[PDB]
Amino acid sequence: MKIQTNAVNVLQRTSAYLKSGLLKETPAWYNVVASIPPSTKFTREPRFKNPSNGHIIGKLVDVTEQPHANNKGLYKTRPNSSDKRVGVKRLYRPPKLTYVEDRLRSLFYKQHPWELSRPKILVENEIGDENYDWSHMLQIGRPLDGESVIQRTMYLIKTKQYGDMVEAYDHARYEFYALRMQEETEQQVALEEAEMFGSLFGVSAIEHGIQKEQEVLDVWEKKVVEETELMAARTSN
Amino acid sequence: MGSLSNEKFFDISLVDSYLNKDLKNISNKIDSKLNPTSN
Amino acid sequence: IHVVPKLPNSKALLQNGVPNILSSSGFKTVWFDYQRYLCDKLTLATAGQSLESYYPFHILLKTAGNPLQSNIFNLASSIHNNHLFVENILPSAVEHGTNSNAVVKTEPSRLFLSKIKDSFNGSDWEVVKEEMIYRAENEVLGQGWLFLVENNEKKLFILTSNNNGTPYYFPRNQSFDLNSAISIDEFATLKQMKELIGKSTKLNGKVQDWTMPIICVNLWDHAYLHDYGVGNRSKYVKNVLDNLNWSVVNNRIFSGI
Amino acid sequence: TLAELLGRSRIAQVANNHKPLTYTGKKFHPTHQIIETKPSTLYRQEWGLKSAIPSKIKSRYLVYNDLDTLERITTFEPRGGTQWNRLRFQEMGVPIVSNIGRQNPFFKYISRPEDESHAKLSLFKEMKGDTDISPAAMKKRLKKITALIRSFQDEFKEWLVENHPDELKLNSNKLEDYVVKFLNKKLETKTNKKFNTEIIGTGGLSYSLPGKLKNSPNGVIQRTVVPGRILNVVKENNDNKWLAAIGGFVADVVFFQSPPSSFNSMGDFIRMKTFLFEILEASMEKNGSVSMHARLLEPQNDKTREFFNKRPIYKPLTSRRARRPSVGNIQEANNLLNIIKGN
Amino acid sequence: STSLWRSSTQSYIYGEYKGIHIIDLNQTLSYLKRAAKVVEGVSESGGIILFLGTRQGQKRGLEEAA
Amino acid sequence: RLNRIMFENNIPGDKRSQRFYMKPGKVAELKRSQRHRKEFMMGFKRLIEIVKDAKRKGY
Amino acid sequence: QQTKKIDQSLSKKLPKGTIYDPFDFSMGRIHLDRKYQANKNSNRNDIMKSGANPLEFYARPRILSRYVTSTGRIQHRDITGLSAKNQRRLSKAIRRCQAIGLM
Amino acid sequence: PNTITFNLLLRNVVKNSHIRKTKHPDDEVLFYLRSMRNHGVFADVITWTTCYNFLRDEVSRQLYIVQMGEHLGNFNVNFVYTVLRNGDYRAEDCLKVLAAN
Amino acid sequence: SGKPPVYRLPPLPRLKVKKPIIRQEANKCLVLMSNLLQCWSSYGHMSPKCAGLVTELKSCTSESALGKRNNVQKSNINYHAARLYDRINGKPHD
RNA sequence: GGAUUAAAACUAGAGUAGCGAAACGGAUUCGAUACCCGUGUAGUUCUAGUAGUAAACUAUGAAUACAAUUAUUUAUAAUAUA
Ligand SMILES: [Mg+2]
Ligand SMILES: [Mg+2]
Ligand SMILES: [Mg+2]
Ligand SMILES: [Mg+2]
Ligand SMILES: [Mg+2]
Ligand SMILES: [Mg+2]
Ligand SMILES: [Mg+2]
Ligand SMILES: [Mg+2]
Ligand SMILES: [Mg+2]
Ligand SMILES: [Mg+2]
Ligand SMILES: [Mg+2]
């Protein structure tokens, strides 16, 4: 709607009241608001560089700056329509933040779908209190997820121990496999130890699932008998 | 494989090689290395 | 993050170790090394999971039922039991500061003595101590823990745990070793334990219990091997039994007021 | 700075996904990332997303696609049980055997250098990457490949004429074989290591090695017995096996030479009862599905010796003695031709 | 989400990601500092500060602040 | 099955329409009105589905 | 015992190898899949949506008959699912085929 | 009914054809493939080879076998025996063709 | 044409279902009447075999013919729509 | 200025099934110069032309430069695993 005017100008209206004499006693917020001026621009603001990738928004590459030939074999000697048209809209449209990490994340999760089955907590906790040396994927204070593989890959790329990205990704995933192997073997061995030494478990996952299946199947049973009665009745008619 | 094509349905590169003497040039080059030079 | 708690007089324990029980190096190994190892293991195990927000005791209580969560259960139990042990063997519970707290040695309370009297057919505390060491050396074939615990019947009794057991929760006491031969009475005890488990009326498969620990002693070789050596765990247990923090023990005891 | 942080934020870690939340087709592996909340945050309706999940969602797990939508709601489902399916599979503890496929993916090998298998077909596959539209998508990909190979024309010319002019002057198929090899190495060059989406290994279902034994107080375990259900009272039509529900996975169930009379008694309602199954093997398929074989266990204690019955699983191919001779007609045809002549 | 964007807030957007806009935490921090200063100023002045939140679950915070 | 075939081929309504003659303009206006009503019904179906889903998820 | 035979209308036949959840056995699953019953086999196997020109089939009554009713009427775009261009070309081809007499 | 039931019926039609004192059963065969199509049963080499037996003319049989290769892509000893039996090949002809195969 | 298009309504004064249809429960007493009369038709008037069905109908219509009434069921979609329409309609910002 | 310009009209050929101004009969009405029914002319059709008006309406003459946002469909342009 309108860029309204009175909310930001409460101070001046009250000042007019006070000077004229409408209000006898000066409000308590008067001096505070006077000392802290409100923001009163309400203007659109152009942006020139996308902060995610780093691309520059608002620059051409004129004909002089492409003296070579195009992929089709022609030399560009005159501006094209795309150049000739104005593009002010780009400056004021919020940029589309993009990361090279997303491609790797999607690739990892469509190479290992069941890794999605390992729950992930999305509530942050002091994101500014992380000190990770990504020479090693194991880090204190975070789980062993695909993000570990991604960060290891970008550490390898940044410190230039590998060339293209697939090499670093392969190395990181082959470390990930070893760590997961260790973890699962530890789980199974600890369970077998406890059962060796007499630990007793009230419920296991399989029988918990069986219980839930029974509590569903009883209702299914009653529903099927009632409906088969109904359909036999209708068929008899 | 270009002008060296042996397929039934060759392309225009073969005719280009003929009009350029490229095929004949390469052929005499290799033959001269083979029979005269014994290589 | 699970970080090792700060023990009082840490400079003293690091410089010379706990007197009459463990050397400086041995106490370093048992606490400043093993506890750090255990806590980092637990942090890496439970990172990114709901259990990261709970103390080790609550972690073991929650994870007791779940079979597959045996690593986190064992880690939490070991952390809690180790801290219990070190706390009861601390020389000074509270830092001396400007007060001469060391002038007087701790002793058991008359309430504790009466509890022993009723619990063990009116036997002497020293008799109970010798029976405790005998049981510890005869039952725990390898690593484990020794506990004097109190049940809901207001009577103390002795509990031996293999590897990493918990006095609190009875199906995970790990009291019996099934690797070797077993007896008819023990098999019946396991059977009745199983039946009591089956009586549970919740999907979590949990059974109520209130067996609380009054005294805890670690039998892991990480504590005794360096100083006492192989086969001397009996002497090590004897020594720790005679030297204890009876202020802590009495505080663990339930007063009722 | 701020964008750099957002890249590592937990919200960004979830890969972009818009696959249907309510899906009725065949399901073989998880399709969404499970998002959970601690009890403390659930009490306050905080899950880490943009919006606060309503109060009636009493479960600590969910899945979602969009943080916000035009309808001012978060597209989510208070679900997530594939974790339980994976944990049940771990309980079953039957490692996945790499049938046919060798060289377990989770391990690096030096066998790849031994790459001699009809590479031309694989290269054709790789060229035809945009398999969607034959006249448009594969056509434009083919045009790109054509431009690249036109560019690479000349080097092959010199390389062939230098290496094997004999094949040229004898016009042999070694020429096309050499084309294949040349383009093979040109595909081993840079910008070709490529990214493969194909399901590698178990896909995270389980990280297990075949060979380790399960130890129990009653001795080392020899057979794994787990509960299950029978879905269809009658075996699959045209097939000799039933289908059973075992720990979240449908398994192909074989019978011990006789279906129990419980099947005839219960009819189509057999799903009500629970049975015991022994998992013979677990294997994978290219579609990412897990195919597991089970055998039903009917207790024969105090029962008949199952006499007056046939053998259903028995190979008649126990004739390696017959295999020893050729039996390929290569020489039998010669002998029979001699007979035709009269000898 | 982008589909509900009010163009009058174009100055507070750092970008768009995962189909939703991302506010600029720097501007957020500045405005928050100013708001904190003004609320503190009224606190010294002895005025009346009213915190109003109707969405579910905000009662605890509102009561504690008040 | 016969009834379903004629209903889906709109044979009855077509027969009713062809009994009398209608001007092309009236035909066009009727066509537009019917199309609008069908479009609106589909949209209403979608909105009601959204409402049911939101109720199911607690909104 | 009681009634012992039932139809397939309300008994979910789980495919082999597919992962399942307890809810799949409920009566709700049957309602859900009958509600979301979408014929994606047609999507996979339809020649027109593949990309081929519908007008190229004007001499294939067998192919064209799969986009007409029993009586010969042409299905609306809401039913056929084809793009506007594809639908117009397909109807054009069909009507032509009718003119020539092959269909 | 399974595939076996249907193919068993075919054998009956084969008996009728072998002792043909009635109308040609080709329409009965067609009716039965319609029936099994309605039932949704999946065909098998046995059903196919039965049809091969039904076939009469050489170019037809040729098309049958080539179509087989296109779609079913699997042969068997039963089918090669069937073609050898049905082609009226001489003894040496059968010998030669099977040796080549 | 990847997927079917989505159709949007204009701003509407209200979202309302005129007559909501409810999943009414079948009534076994009328079912009994129907099956008894069908049995008479099938096996002759006053079929001796269906005397049991006659007795069941006797019992279910001894008192009020309809049977018994516990509650009358109708939907709440109108309420939920009235509550969520403004939120889900996706109108342009005011 | 110029050209095109729906119905209805008009001048010549052919054509005339169905529909239908008028006209004559049914019915309905107190009456019914109508609404309903029957027989049906001129028209409606094609070919030559004449005339240039309609709620010929988006009741909105044309062109150029600009201004904030959402949804869908359209063509073409690729990140690149797609
Ligand atoms: Mg221009
Ligand atoms: Mg003019
Ligand atoms: Mg007109
Ligand atoms: Mg005339
Ligand atoms: Mg008239
Ligand atoms: Mg004119
Ligand atoms: Mg006029
Ligand atoms: Mg006018
Ligand atoms: Mg108009
Ligand atoms: Mg105009
Ligand atoms: Mg103009």
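Values in this text are rule-based calculations from the coordinates and carry no lab data. Positions of Cβ are generated from backbone atoms using ideal geometry, with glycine treated the same way; all protein chains shown enter the neighbour counts.
Data for the structure
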{"quantity": "Orphan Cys of the protein assembly as shown, criterion: no other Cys C-beta under 4.7 Å", "calculated": "C:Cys39, C:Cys216, G:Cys97, H:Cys51, H:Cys94"}
{"quantity": "Where trypsin sites (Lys or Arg not before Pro) fall in DSSP loop in region C:1-100, at most 10 other Cβ within 10 Å", "calculated": "C:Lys6"}
{"quantity": "Within a Gaussian network of chain D (alpha carbon springs, distance under 10 Å), most fluctuating of D:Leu213, D:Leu175, D:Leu296", "calculated": "D:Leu175"}
{"quantity": "Likely footprinting exposure, C:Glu137, D:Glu158, fewest C-beta neighbours within 10 Å first", "calculated": "D:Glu158, C:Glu137"}
{"quantity": "Exposure proxy order (Cβ contacts within 10 Å, fewest to most) of A:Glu25, C:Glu150, D:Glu278", "calculated": "A:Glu25, D:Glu278, C:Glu150"}
{"quantity": "Pair-distance profile P(r), taking every C-alpha pair of region A:41-127, with 5 angstrom steps and integer %", "calculated": "3, 9, 11, 12, 13, 13, 13, 9, 7, 7, 4, 1"}
{"quantity": "Cα pair distances exceeding 13 angstrom across region G:27-82, given as percent", "calculated": "71"}
{"quantity": "At least 20 Å along the helix axis (C-alpha) and Kyte average at least -1.0, DSSP helices within chain A", "calculated": "A:165-196, A:205-236"}
{"quantity": "Region C:1-156 shape via C-alpha gyration tensor axes, a/c threshold 1.5", "calculated": "oblate"}
{"quantity": "Rg/Rh ratio calculated on Cα atoms of chain D (Kirkwood radius)", "calculated": "1.08"}
{"quantity": "Tilt relative to chain E, helix E:25-45 - C-alpha long axis, 0 to 90 degrees, to 10", "calculated": "20"}
{"quantity": "Check: chain I dipole with +1 on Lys, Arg Cβ and -1 on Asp, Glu Cβ, in debye", "calculated": "460"}
{"quantity": "Rounded to 5, percent antiparallel among DSSP beta bridges of the protein assembly as shown", "calculated": "90"}
{"quantity": "Averaged over I:78-91, number of beta-carbon atoms from partner chains that fall within 10 Å", "calculated": "5"}
{"quantity": "Interchain or long-range residues, amide H under 5 Å from D:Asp66's placed H", "calculated": "D:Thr75"}
{"quantity": "For region D:237-252, 3J(HN,Hα) per residue [Karplus equation, 6.51 cos²θ - 1.76 cosθ + 1.60, θ = phi - 60°, Hz, x = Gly/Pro]", "calculated": "4, 6, 10, 9, 10, 9, 10, 10, 8, 10, x, x, 10, 7, 10, 7"}
{"quantity": "Region D:67-108 - Debye-derived log10 I(q)/I(0), Cα point model, q = 0.29 Å⁻¹", "calculated": "-0.98"}
{"quantity": "Cα-centred dipole magnitude for region D:1-98, charges only on beta-carbon of K, R (+1) and D, E (-1), debye, nearest 20", "calculated": "280"}
{"quantity": "Label-point separation, D:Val180 to D:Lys139 (7 Å along Cα→Cβ), nm", "calculated": "3.0"}
{"quantity": "Most to least packed among C:199-205, C:106-112 [average Cβ atoms within 10 Å]", "calculated": "C:106-112, C:199-205"}
{"quantity": "Radius of gyration and maximum dimension Dmax of region D:193-343, Cα, Å", "calculated": "23.4, 75"}
{"quantity": "Principal-axis tilt of helix F:24-57 within chain F, Cα atoms, nearest 10 degrees", "calculated": "20"}
{"quantity": "Sequence-distant residues sharing a close amide H with E:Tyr17 (under 5 Å, placed H)", "calculated": "E:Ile22"}
{"quantity": "Cα gyration tensor category, rounded, prolate or oblate, for chain F with a/c compared to 1.5", "calculated": "oblate"}
{"quantity": "Dimensionless Rg/Rh of chain I - Kirkwood Rh, Rg from C-alpha atoms", "calculated": "1.34"}
{"quantity": "Cα-based helix-to-principal-axis angle, G:84-100 vs chain G, degrees rounded to 10", "calculated": "60"}
{"quantity": "Cα-based Kirkwood hydrodynamic radius, the protein assembly as shown, one decimal, Å", "calculated": "40.8"}
{"quantity": "Cα-based shape type of region G:3-103, given that a ≥ b ≥ c are square roots of the gyration tensor eigenvalues and the cut on a/c is 1.5", "calculated": "prolate"}
{"quantity": "Where only C-alpha atoms are counted, convex hull volume of region C:178-257 per residue in Å³", "calculated": "202"}
{"quantity": "Long-range Cα-Cα pairs in chain E (distance over 15 Å), rounded percent", "calculated": "69"}
{"quantity": "Packing-based exposure ordering (other Cβ within 10 Å, fewest first) of D:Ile279, C:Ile79, G:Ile74", "calculated": "G:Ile74, D:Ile279, C:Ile79"}
{"quantity": "For D:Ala294, distant residues with modelled amide H under 5 Å away", "calculated": "D:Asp252, D:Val253, D:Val254, D:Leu280"}
{"quantity": "In sequence order, calculated HN-Hα J values of region A:56-70 (Karplus, 6.51, -1.76, 1.60; Hz; x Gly/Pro)", "calculated": "9, 10, x, 9, 9, 10, 4, 4, 4, 8, 10, x, 7, 9, 7"}
{"quantity": "Estimated 222 nm signal from helices in the protein assembly as shown, with DSSP H stretches of n ≥ 4 weighted -39500 (n - 2.57), rounded to 500", "calculated": "-14000 deg cm²/dmol"}
{"quantity": "Square roots of five times the Cα gyration tensor eigenvalues for region A:89-237, Å", "calculated": "46, 29, 15"}
{"quantity": "10 Å Cβ neighbours from other chains, averaged over peptide A:27-39", "calculated": "4"}
{"quantity": "Choice from A:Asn53, A:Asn31, A:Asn80 showing the highest fluctuation, given a GNM over chain A with Cα pairs closer than 10 Å", "calculated": "A:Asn31"}
{"quantity": "Paired Rg and Dmax values of region A:184-237, which use every Cα atom, in angstrom", "calculated": "21.7, 67"}
{"quantity": "Region C:11-22 - phi-based ³J(HN,Hα) in whole Hz, Karplus 6.51/-1.76/1.60, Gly and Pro as x", "calculated": "4, 5, 4, 6, 6, 10, x, 5, x, 6, 10, 10"}
{"quantity": "Order by protection proxy (mean Cβ within 10 Å, highest first), peptides D:66-72, G:49-55, E:31-37", "calculated": "D:66-72, G:49-55, E:31-37"}
{"quantity": "Cα-centred dipole magnitude for region D:266-308, charges only on beta-carbon of K, R (+1) and D, E (-1), debye, nearest 20", "calculated": "60"}
{"quantity": "Region H:18-101 - Kirkwood radius from inverse mean 1/r over Cα pairs (Å)", "calculated": "14.6"}
{"quantity": "Peptide D:231-243, shielding by other chains (average Cβ, 10 Å cutoff)", "calculated": "3"}
